[PDB]
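1. Once you've seen the sequence and the experimental structure below, I've got questions.
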Amino acid sequence: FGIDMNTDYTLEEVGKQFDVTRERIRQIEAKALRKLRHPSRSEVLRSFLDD
DNA sequence: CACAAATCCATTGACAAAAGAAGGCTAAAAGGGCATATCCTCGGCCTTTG
């Protein structure tokens, strides 16, 4: 994502700095998103949702 | 404190899609040519008319 930097880096350019061919980098993004998906870790972020 | 099964880590292959990138096609927007000559009021202004 683009937090605290002017991008928006993409998977190949990300995995360059981690030496992954973008597949493990996809997996790592997915794992972090799943971890933050948990309640008791994202109740505030839930409140930020508007609906 | 010694040996094998359980499981986070990283690549391969295949590949579906998103992103452009062009090529083509219209419709839309711009440009060009046209060849008889020339309303109503008001008021000066002058022809005619008596």
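-> Looks like it came in fine. Numbering: from 1, shown residues only, chains lettered A, B, ... in the order given.
2. For residue A:25, grab the count of nearby residues.
-> Neighbourhood size, residue A:25 [other CB atoms under 10 Å]: 20. For every residue, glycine as well, the C-beta is placed using N, CA and C.
3. Which residues are in contact with it?
-> Residues in contact with residue A:25 (CB atoms under 8 Å, 6 or more residues apart in numbering) are A:11, A:14, A:15, A:18.
4. Residue A:2 now?
-> Per CB under 8 Å, 6+ apart, neighbours of residue A:2: residue A:8.
5. now swap in the one 10 residues further on and tell me
-> When the contact criterion is CB under 8 Å, 6+ apart, the partners of residue A:12 are A:21, A:22.
6. and chain A, which of its residues are near DNA strand B?
-> By CB under 7 Å from any atom of the strand, the part of chain A that sits against DNA strand B consists of A:19, A:20, A:21, A:23, A:24, A:27.
7. Mark which of those residues are part of helices, please.
-> Secondary structure defined by DSSP state H assigns A:23, A:24, A:27 of these to helices.
8. Quick one, which of those are buried?
-> Buried members of these, counted by 16 or more other CB atoms under 10 Å: none.
9. which residue is nearest the middle of chain A?
-> With distances taken as CA atoms, centre = their mean, the residue of chain A nearest its centroid is residue A:29 (4.5 Å).
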